[PDB]
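A short write-up of the structure that comes next.
Basis: the model, the stated rules and, where named, an outside source; no laboratory instrument gave them. Cβ coordinates were reconstructed from backbone atoms using ideal geometry, including for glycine residues, and neighbour counts include every protein chain displayed.
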Amino acid sequence: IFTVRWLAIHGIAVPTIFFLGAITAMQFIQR
Amino acid sequence: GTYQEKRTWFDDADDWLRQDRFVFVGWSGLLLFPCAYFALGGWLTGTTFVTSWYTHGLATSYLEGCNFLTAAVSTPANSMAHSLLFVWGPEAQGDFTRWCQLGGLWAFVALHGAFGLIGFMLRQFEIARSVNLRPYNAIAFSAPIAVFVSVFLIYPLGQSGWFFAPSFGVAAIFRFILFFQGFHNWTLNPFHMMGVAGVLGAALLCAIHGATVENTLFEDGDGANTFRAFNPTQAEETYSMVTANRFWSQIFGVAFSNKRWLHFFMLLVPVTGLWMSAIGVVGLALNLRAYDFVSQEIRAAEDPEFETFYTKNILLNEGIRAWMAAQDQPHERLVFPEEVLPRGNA
Amino acid sequence: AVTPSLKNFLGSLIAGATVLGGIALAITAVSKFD
Amino acid sequence: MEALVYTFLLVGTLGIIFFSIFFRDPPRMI
Amino acid sequence: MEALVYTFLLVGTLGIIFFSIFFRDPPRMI
Amino acid sequence: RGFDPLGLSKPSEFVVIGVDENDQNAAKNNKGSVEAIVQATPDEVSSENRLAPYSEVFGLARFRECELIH
Amino acid sequence: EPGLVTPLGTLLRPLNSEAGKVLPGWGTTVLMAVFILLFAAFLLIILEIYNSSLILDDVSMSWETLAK
Amino acid sequence: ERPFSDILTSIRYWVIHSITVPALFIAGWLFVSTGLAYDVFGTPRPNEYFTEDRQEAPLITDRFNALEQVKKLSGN
Amino acid sequence: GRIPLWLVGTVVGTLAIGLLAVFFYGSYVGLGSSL
Amino acid sequence: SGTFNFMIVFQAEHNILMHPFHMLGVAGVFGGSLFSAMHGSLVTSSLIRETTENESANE
Amino acid sequence: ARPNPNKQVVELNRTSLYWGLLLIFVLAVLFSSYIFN
Amino acid sequence: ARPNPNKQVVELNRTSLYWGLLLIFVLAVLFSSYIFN
Amino acid sequence: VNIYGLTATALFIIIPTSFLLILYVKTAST
Amino acid sequence: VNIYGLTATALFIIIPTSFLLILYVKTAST
Amino acid sequence: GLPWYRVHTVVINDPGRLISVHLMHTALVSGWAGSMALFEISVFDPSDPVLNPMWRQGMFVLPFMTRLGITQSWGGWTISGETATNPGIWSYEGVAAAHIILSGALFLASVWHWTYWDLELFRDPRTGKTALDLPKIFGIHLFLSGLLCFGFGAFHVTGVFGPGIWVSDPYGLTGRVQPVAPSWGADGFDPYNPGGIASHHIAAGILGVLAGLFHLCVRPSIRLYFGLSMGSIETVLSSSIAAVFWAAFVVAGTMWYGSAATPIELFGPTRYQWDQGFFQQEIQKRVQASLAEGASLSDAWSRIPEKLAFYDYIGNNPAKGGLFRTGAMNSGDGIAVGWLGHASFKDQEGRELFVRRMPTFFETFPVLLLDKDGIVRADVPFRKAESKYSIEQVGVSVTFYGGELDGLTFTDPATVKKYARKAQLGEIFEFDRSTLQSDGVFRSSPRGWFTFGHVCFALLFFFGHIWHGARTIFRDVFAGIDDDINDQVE
Ligand code: CLA
Ligand code: CLA
Ligand code: CLA
Ligand code: CLA
Ligand SMILES: C=Cc1c(C)c2cc3nc(c4c5[nH]c(cc6nc(cc1[nH]2)C(C)=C6CC)c(C)c5C(=O)[C@@H]4C(=O)OC)[C@@H](CCC(=O)OC/C=C(\C)CCC[C@H](C)CCC[C@H](C)CCCC(C)C)[C@@H]3C
Ligand SMILES: CCCCCCCCCCCCCCCC(=O)OC[C@H](CO[C@@H]1O[C@H](CS(=O)(=O)O)[C@@H](O)[C@H](O)[C@H]1O)OC(=O)CCCCCCCCCCCCCCC
Ligand SMILES: CCCCCCCCCCCCCCCC(=O)OC[C@H](CO[C@@H]1O[C@H](CS(=O)(=O)O)[C@@H](O)[C@H](O)[C@H]1O)OC(=O)CCCCCCCCCCCCCCC
Ligand SMILES: CC1=C(/C=C/C(C)=C/C=C/C(C)=C/C=C/C=C(C)/C=C/C=C(C)/C=C/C2=C(C)CCCC2(C)C)C(C)(C)CCC1
Ligand SMILES: CC1=C(/C=C/C(C)=C/C=C/C(C)=C/C=C/C=C(C)/C=C/C=C(C)/C=C/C2=C(C)CCCC2(C)C)C(C)(C)CCC1
Ligand SMILES: [Fe+2]
């Protein structure tokens, strides 16, 4: 499936779940 | 048309582009969608991982402990001051991880945001011509473009650097606002005093017209949930323009009588406000600011008994300039003894 | 003569032609797919 | 001198506000 | 300063004299 | 000698579009639309014009004269 | 009704005469797009020169350059 | 097809977005926890802000010569 | 459809408000914790 | 100018810009002006043709 | 209340506009020499 | 020569007179503070 | 210069000028 | 006082005031 | 009937009145320039060009005459330091009277085309109604546009027939109108090269002629006709408003950043020559040029010109201005009378101290005395109660080198502060604040005022491009949309 509507979601939904992996691991970084 | 000309490849491409869909692409989508996507995606990348420790000398990322309020895609340093900071250009020379460190990811967002805002305004033209409407939605969106272009582009291209632009962050705006009070006395520029009246005046027309309509409705249903009683294809209107006239005519004194003029008046008040505030930033870009009244600085010079709140504001602008500019402008390399800065007592 | 600045500048225009050209060949693929 | 020029323009604005209420163009229905 | 205020009012009078000849109200008979 | 690439002396027929509506006291000022597909008529050199004698810029008889005077 | 006819009006009459005639098809439009894309590249020369974003060997772009 | 109600109810949706979704999340965890994010973008680690040469905030003050200068201020 | 929508939004809406509590928890501990 | 001193002294003592209630009110008027510029544009842009072009659209 | 039946109209034709504007400018040429002294 | 068929008329009703005169006086209240400095 | 010199002239010109224009424009629109 | 202060204000008031009066008086005489 | 803001659209139908209006607007724009010139040459002061120059006097249209080669008045004075041998017919007064007789000429031509608006030139054949061949009429103006552009470069700048343009030295110390030769290499795009100006108008002059003969001969496409709406008189209006603010951002930028088309000795220095230290890297440069041969300090500072110490002064920076501070820069802080010599601040042990200069941002910067190396040594503090770095506990004395105080000393606790406060502003001067009744606060040079007007105008014309751009495309539904448009429901 390669739809204009699908790309619009997965152009945003794919990098935002990659970034929520980052910031949640940023919370457990000690000084 | 009406003489049977043939179809070329460009004509075939147009039908796919102006095909109705869940999201409208059009021709302006080629300018909008790859320029808007990289703008906010370049904002979320910079606020999360990319530092500002080499440009300003202060941490700005979630990877450094800054929260949602204190993260910012910071402006470049005042060394460059007007370069476009291309990733291939001489200040970067191809290396990406050194390109972000010089603050060049600011110019990636500001320049790809400007061609987004051209493209989004072009989006409102070809949709309106497709549905055959009038272009007034496009004409209103010029006022957010005039604020964007003057503040983020014309103002650094008049001052000494891209350094003095706003940074794309929450608290970074909050110093840019506080920059303009001490260093410019921006609250006494009447072009901002007409900007406020546009903003607060349009907030008032959003609250009255939304409440006058809602309280003069016509009883058309029988359930008290009055949102259920609106078939949107109905020929009659849903509220009473006669009754709404007589309410504000006796409450306030003068009221509307023309539903066409009313919604156009709600168009004119916010658009004039921002357009009359884009002019004031142009004067600040040349430092043609309305800082002083001459005939009261003279009178306060010769007499220690006369003052106003105006002369009390000039001292507070001195308190912003002589204090924060040690860290705010680190390229000026200046240090201060604790006796040269003005204070009161204790 | 040629500098590192102009070598990178003429690298940018051919970078610009691949993007605008690649998009122009992207629609003409899709629009002929109907 | 300007202290009386200011008060002309203040009460001048309050002049129109008197005339815009009581001597307004009366709206006629239909 | 007044030397240019005088010359405004001189050529101002000569303005009307131009407009009073060529752009006059044309006298229609009967 | 048969030397004409780029079709510079091809008979180049035209098409003429009517004028549009200014008509400020009206409801809709539409557009101009197509009227007729005329053919090109070169080398009428009628001398009431005196600043543009030929009926066509792209006529073979004018370029012959323009080659010679050059 | 007729207009007014002047000596200079009849002279400039064939200039304002053929109002409406167009070429069918696309015409020289593809040739026009060549000159735009060159002229857009021409502005990126003189901008990135004047921004000092591309450095040439004979310009130096200061007030000293103006004095030989 | 797909009026957006049947998408969020079908079981073929939740057999795809129960596997690619954590695999995209865990890969987002590793990008920072392995120290990769500090070097692909260039933000300094908390034990890396001040080196032995400088003991204050960095400062460039040269336009065309910034690329080699920042590499000195980075401690590298 | 198969799964009822109402316990889809409950599970996601819990795991969103469960996710927000970590960022408030990470505000007092770790980096930026002012200690 | 009396108001402008009150805005300055307040934020010096209380830091109003870093308070979420001032953040809501700022969004209350930037949203409020947007919702008036956008609503008032579309009603003007969908008016039915009833007048001429020399006459104003309010007639 | 009742409409007033004394409503009259005032008019000023073009040949009277020219006597008006030429009156005002000419004595403004006259007296302005004295106002500035 | 011929009478021009583009002759149009201009009008300004009373509710527009009041927006005009209130516009002018208000920003004259605004800017006159700055002209005298 | 008389400071009130050029502004007593300016009000003497513009106010009866604007008086006669109002009466003429309503006349010629008949 | 700015000598041109009160007379740039006075021309700013009276000239657009007299502009709107001319258009209104010809309107109300219809 | 019309509203008040559609009153000028009676002209949009017939062609003939549109000339008559465009002549009337042309008569005003010239008649401004004739009036602005005569007003200003009657208030010009040609006395002291080295120190009360043309730009500081606060002046708008007279540098735009000087730049193309008008340096003599009918009064008999010049700019550069001499008097008039003979002014000739084209002088300051004559050019001023050239536009006004032009303005009275174009006034009369408007009156003719207003009355005889109906001409057979305009009613086209095969319809018999008012039309304009809008592409072909563009070729006639575009031909004559580049023809004047070619003639200006080949003759008026090159000096074959005209006089040339203004050309200065790098530091504004000299320069006048000589002919220049065009430069054709990459130096022709150096904006500080004057040879690029003559090269531009010859090159762009030819191409406009070749484009002028193109658009006369080649009719536009039918596909490009309906796209850009060629058959309407307003699609050129929305684009001509579009073209002219592209012009006005370029014109404002080259004024503000400086160019060869804006010499600094006509308009005053930029703000970018202060903060970059353009003059301080020349004054200190020429001191070391004369100390290397061996001389006293008062020898070398006696050899530095008085003019170059005048350009290095923050009261000449246009960014140190105010929006509602009207008038001349000389109305700000007096006519400059003389230079007062370079102050030098010696310690009690004779160590020379350095004044931290004031950046063009803060209205007031507090004074400091940095050492040779850049460390604060003395200052005028705020809190006199607790104070250890104050100057009376340091003992800073001032010595002047040339100017008016040549080889003097002061150790006075009032006089040292009175000149160290003046030392922030660049160089020290004497003025006369009684000649113009100066207020004491600065203003902005005409470089600063021209930049303000031609950005506010340009950014306003951006709205004009949208509105007339949106009026041409949406012309059919200007009066409100039709009845049934409910076809668009999915
Ligand atoms: C159409 C959408 C669009 C637009 C308008 C822009 C616009 C811009 N981008 Mg973005 N960008 C886009 C898409 C877009 N980009 C995409 C899809 C990507 C992902 C690959 C990027 C990635 C990107 C990066 C990483 C950067 C930019 C940058 C820039 C800026 C520099 C422009 C430049 O130098 O191009 C120059 C090229 C052209 C204008 C093309 C002109 C066409 C030429 C003239 C045709 C002739 C070609 C011919 C064959 C050449 C012959 C040469 C021969 C002699 C060898 C500009 C604001 C830079 C930036 O933001 O500055 C900080 C930057 O660093 N962009
Ligand atoms: C080359 C410039 C140019 C030209 C020829 C036109 C021509 C036209 N415009 Mg456009 N317009 C322009 C620029 C231009 N405009 C710009 C820059 C803007 C943005 C501000 C607009 C915004 C605009 C709107 C919003 C409208 C027009 C309208 C019109 C039409 C009638 C104008 C009218 O009745 O005004 C009458 C003007 C007056 C009665 C006096 C106005 C007083 C002004 C505001 C201040 C005084 C003038 C000032 C002192 C002079 C200084 C000039 C400055 C350049 C230095 C006409 C087709 C109208 C239209 O198309 O409707 C059919 C219309 O509604 N224009
Ligand atoms: C022998 C060949 C030759 C030579 C030596 C020159 C020499 C020159 N030309 Mg010319 N030219 C030539 C041939 C030549 N020309 C030909 C054949 C053409 C085609 C007709 C042109 C067309 C042309 C144009 C159109 C321009 C020049 C300019 C210049 C100057 C160089 C650039 C400059 O000064 O930077 C300064 C100018 C710039 C850096 C241009 C900046 C453009 C920016 C992008 C516009 C910004 C507006 C935009 C809307 C942004 C606003 C919003 C923003 C604030 C946020 C110089 C005098 C420029 C000029 O006028 O010089 C002042 C210019 O604009 N030339
Ligand atoms: C008879 C010819 C003539 C001559 C020789 C002059 C000479 C002069 N005038 Mg006058 N003037 C004239 C006619 C003339 N004027 C007319 C007819 C008008 C009425 C509009 C004026 C209005 C006028 C004003 C308002 C002013 C002058 C000024 C000046 C002086 C400097 C001009 C200057 O630097 O402009 C420089 C000109 C430009 C920078 C314009 C460049 C062209 C732009 C970029 C438009 C290009 C668009 C075009 C389509 C190009 C495309 C073609 C190309 C692709 C080939 C100079 C003494 C100025 C002065 O000093 O005051 C006295 C001034 O302020 N004049
Ligand atoms: C801060 C206030 C503010 C915001 C956030 C805002 C936002 C928006 N307004 C829009 C529209 C409008 N707003 C209008 C009038 C107004 N808008 C105003 C104020 C605002 N308007 C005001 C005051 C007015 C009155 C004149 C109109 C008339 C419209 C519309 O019609 C339009 C719409 O349809 O809304 C639905 C939308 C633009 C869509 C778009 O371009 O996305 C595409 C994204 C692009 C092009 C990228 C922009 C990139 C920006 C410029 C720079 C990057 C910034 C980062 C991404 C974020 C930085 C955040 C930090 C500051 C914290 C969006 C919802
Ligand atoms: C606190 C106060 C401080 C001082 C106040 C100073 C005010 C200065 C600004 C005044 C603004 C005036 C704007 C125009 C008003 C207007 O159009 O009214 C229109 C009304 C129409 O009413 C019509 O009257 C008609 C009845 S009849 O025909 O007139 O008999 C009726 O048919 C119709 O329905 C009705 O609309 O005209 C009148 O009936 C009254 C005459 C108004 C004209 C005089 C106003 C100027 C004098 C003001 C007082 C002296 C001030 C000194 C300076 C002038
Ligand atoms: C040496 C000069 C020195 C400078 C001059 C400065 C002059 C200043 C004073 C001007 C006096 C004007 C008084 C009123 C004139 C009048 O009523 O004309 C009435 C005529 C009627 O003519 C009519 O024209 C009609 C044709 S048509 O309908 O107009 O097409 C026709 O039907 C009818 O018979 C005919 O009468 O109106 C016109 O046709 C022309 C418009 C006149 C209005 C503009 C005048 C102001 C601009 C002057 C120039 C700029 C000056 C700057 C200051 C304003
Ligand atoms: C720069 C760059 C680029 C780009 C990139 C991109 C484009 C990216 C993207 C990115 C993205 C696209 C991202 C996104 C993100 C997102 C996020 C990060 C989010 C977050 C959020 C949060 C955190 C929150 C949430 C929430 C809310 C909203 C509220 C409620 C609750 C919740 C939780 C739900 C390019 C390639 C051009 C080039 C190279 C480099
Ligand atoms: C008829 C005749 C004649 C005469 C002529 C004349 C006498 C002329 C004059 C002319 C003139 C004498 C003109 C003038 C003009 C002026 C002007 C035109 C001005 C303008 C201005 C403006 C427009 C302004 C605006 C503004 C304002 C308001 C403020 C500031 C800013 C601005 C800009 C906004 C003769 C004998 C020769 C011969 C023939 C016949
Ligand atoms: Fe509504």
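Taking the condition within 30 Å of F:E13 (Cβ to Cβ) and either more than 9 Å from chain O (Cβ to nearest Cβ) or in contact (Cβ under 8 Å) with a residue 40 or more places away in the chain (or both), does G:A33 pass?
yes
Would you point out which residue out of B:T48, B:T70 is in contact (Cβ under 8 Å) with a residue 60 or more places away in the chain and within 14 Å of chain I (Cβ to nearest Cβ)? Spell out the reasoning first.
Values: B:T48 fails: in contact (Cβ under 8 Å) with a residue 60 or more places away in the chain.
One residue alone meets the criteria, B:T70.
Across the range H:24-52, what is the total count of residues that are outside any loop (DSSP other than H, G, I, E, B) and either among the acidic types (D, E) or within 16 Å of B:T60 (Cβ to Cβ) (or both)?
Qualifying residue count, the range H:24-52: 4.
Within the range O:84-93, is even one residue among the small types (G, A, S), touching a strand residue (DSSP E or B) at 6+ places or on another chain (Cβ under 9 Å) and free of Cβ contacts under 8 Å to residues at least 12 places away in the same chain?
Within the range O:84-93, none of the residues are among the small types (G, A, S), touching a strand residue (DSSP E or B) at 6+ places or on another chain (Cβ under 9 Å) and free of Cβ contacts under 8 Å to residues at least 12 places away in the same chain.
Going through the range B:205-220 one residue at a time, which ones are over 24 Å from J:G31 (Cβ atoms) and loosely packed, with under 13 Cβ neighbours inside 10 Å?
Across the range B:205-220, the qualifying residue is only B:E219.
Which residue is farthest from the other protein chains (Cβ to nearest Cβ), if the candidates are limited to the range O:106-137 and must be surrounded by fewer than 18 Cβ atoms within 10 Å (Cβ to Cβ) and assigned to a helix (DSSP H, G or I)?
O:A109
Is there a residue in the range O:14-28 that is more than 16 Å from ligand 8 (Cβ to nearest atom), of a type outside the set (S, T, Y) and part of a loop (DSSP other than H, G, I, E, B)?
Yes, because at least one residue in the range O:14-28 is more than 16 Å from ligand 8 (Cβ to nearest atom), of a type outside the set (S, T, Y) and part of a loop (DSSP other than H, G, I, E, B).
How many residues does the range O:448-466 hold that are touching a strand residue (DSSP E or B) at 6+ places or on another chain (Cβ under 7 Å) and either in the same structural domain as O:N330 (by CATH) or of a type in the set (A, V, I, L, M, F, W, C) (or both)?
Qualifying residue count, the range O:448-466: 1.
Out of B:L122, B:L105, B:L84, I need the residue that is farther than 30 Å from O:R471 by Cα, within 23 Å of the chain's Cα centre (by Cα), surrounded by fewer than 23 Cβ atoms within 10 Å (Cβ to Cβ) and more than 16 Å from ligand 2 (Cβ to nearest atom). Which one?
Numbers: B:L122 fails: farther than 30 Å from O:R471 by Cα; B:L105 fails: surrounded by fewer than 23 Cβ atoms within 10 Å (Cβ to Cβ).
From the options B:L122, B:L105, B:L84, the qualifying one is B:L84.
Does O:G327 meet the test of being within 28 Å of the chain's Cα centre (by Cα), in contact (Cβ under 8 Å) with a residue 24 or more places away in the chain, surrounded by 20 or more Cβ atoms within 10 Å (Cβ to Cβ) and within 30 Å of O:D45 (Cβ to Cβ)?
Criteria not met by O:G327.
Quick one: which of B:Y54, B:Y62 is surrounded by 21 or more Cβ atoms within 10 Å (Cβ to Cβ) and within 15 Å of ligand 5 (Cβ to nearest atom)?
B:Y62
Output the residues belonging to the range C:6-32 that are within 16 Å of ligand 8 (Cβ to nearest atom), among the β-branched types (V, I, T) and more than 10 Å from chain B (Cβ to nearest Cβ).
Residue satisfying the conditions is C:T18 alone.
If O:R17 satisfies every condition in (1) buried (at least 17 other Cβ atoms within 10 Å of the Cβ); (2) touching a residue at least 12 places away in the same chain (Cβ under 8 Å); (3) touching a strand residue (DSSP E or B) at 6+ places or on another chain (Cβ under 7 Å) but one, which is the exception?
Of the numbered conditions (1) buried (at least 17 other Cβ atoms within 10 Å of the Cβ); (2) touching a residue at least 12 places away in the same chain (Cβ under 8 Å); (3) touching a strand residue (DSSP E or B) at 6+ places or on another chain (Cβ under 7 Å), the odd one out for O:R17 is (3).
Yes or no, residue by residue, for (1) within 15 Å of ligand 9 (Cβ to nearest atom); (2) of a type outside the set (D, E, K, R); (3) within 14 Å of chain L (Cβ to nearest Cβ):
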| residue | (1), (2), (3) |
| --- | --- |
| O:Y5 | no, yes, yes |
| O:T9 | no, yes, yes |
| O:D14 | no, no, yes |
| O:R17 | no, no, yes |
| O:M24 | yes, yes, no |
| O:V29 | yes, yes, no |
| O:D45 | no, no, no |
| O:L51 | no, yes, no |
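Applying the selection to the range H:42-70, what residues are farther than 24 Å from I:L31 by Cβ and more than 7 Å from chain B (Cβ to nearest Cβ)?
H:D53, H:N65, H:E68, H:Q69 - these are the residues of the range H:42-70 that are farther than 24 Å from I:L31 by Cβ and more than 7 Å from chain B (Cβ to nearest Cβ).
Look through the range B:1-41, keep the residues that are charged (D, E, K, R) and within 14 Å of chain C (Cβ to nearest Cβ), and return whichever of them is farthest from H:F4 (Cα to Cα).
Only one residue tops the list, namely B:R7.
Residues that are facing chain O (nearest Cβ under 9 Å) and farther than 25 Å from B:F49 by Cα: find the helices (runs of 4 or more DSSP H) completely inside the range B:94-191 holding 1 or more of those.
Helices (runs of 4 or more DSSP H) meeting the threshold: B:104-131, B:136-140, B:142-149, B:170-182.
Can you pull out every residue in chain L that is within 7 Å of another protein chain (Cβ to nearest Cβ), buried (at least 17 other Cβ atoms within 10 Å of the Cβ) and of a type in the set (G, A, S)?
Listed by number, the residues that qualify are L:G20, L:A28, L:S32.
Please find, among H:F50, H:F41, the residue that is buried (at least 18 other Cβ atoms within 10 Å of the Cβ) and within 17 Å of B:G65 (Cβ to Cβ).
Exactly one residue qualifies, and that residue is H:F41.
Scan the range O:376-427 residue by residue and report those that are assigned to a strand (DSSP E or B) and under 21 Å from O:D312 (Cα atoms).
Listed by number, the residues that qualify are O:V398, O:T399, O:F400, O:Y401, O:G426.
For the range D:2-23, name all the residues that are within 7 Å of chain L (Cβ to nearest Cβ) and within 14 Å of L:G20 (Cα to Cα).
D:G12, D:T13, D:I16, D:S20
Could you tell me whether the range B:29-46 includes any residue that is assigned to a loop (DSSP other than H, G, I, E, B) and in contact with a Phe, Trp or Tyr (Cβ under 8 Å, 6 or more places away or on another chain)?
No.
Hey, among the residues in the range J:13-45 that are more than 17 Å from B:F141 (Cα to Cα), facing another protein chain (nearest Cβ under 8 Å) and over 17 Å from the mean Cα position of the chain (by Cα), which one's farthest from ligand 8 (Cβ to nearest atom)?
Result: J:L17.
Read through the list (1) facing another protein chain (nearest Cβ under 7 Å); (2) small (G, A, S); (3) surrounded by fewer than 16 Cβ atoms within 10 Å (Cβ to Cβ); (4) under 14 Å from the mean Cα position of the chain (by Cα), then give the number of the only condition that H:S10 fails.
All conditions are met except number (4).
Every residue in the range O:225-240 that is away from ligand 4 (no atom under 13 Å from the Cβ) and more than 14 Å from chain F (Cβ to nearest Cβ), please. Lay out the reasoning, then the answer.
Filtering the range O:225-240 down to residues away from ligand 4 (no atom under 13 Å from the Cβ) leaves O:225-235, O:237-238.
Once the filter is applied, which keeps residues that are away from ligand 4 (no atom under 13 Å from the Cβ) and more than 14 Å from chain F (Cβ to nearest Cβ), the range O:225-240 yields only O:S238.
Residue-wise test of (1) buried (at least 17 other Cβ atoms within 10 Å of the Cβ); (2) outside the structural domain of O:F354 (by CATH); (3) hydroxyl-bearing (S, T, Y).
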residue	(1), (2), (3)
O:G227	no, yes, no
O:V250	no, yes, no
O:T254	no, yes, yes
O:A260	yes, yes, no
O:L266	yes, yes, no
O:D275	yes, no, no
O:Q280	no, no, no
O:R286	no, no, no
O:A289	no, no, no
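Run O:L237 past the list (1) free of Cβ contacts under 8 Å to residues at least 40 places away in the same chain; (2) of a type outside the set (V, I, T); (3) within 16 Å of ligand 2 (Cβ to nearest atom) and report the number of the one that doesn't hold.
Answer for O:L237: the failing condition is (1).
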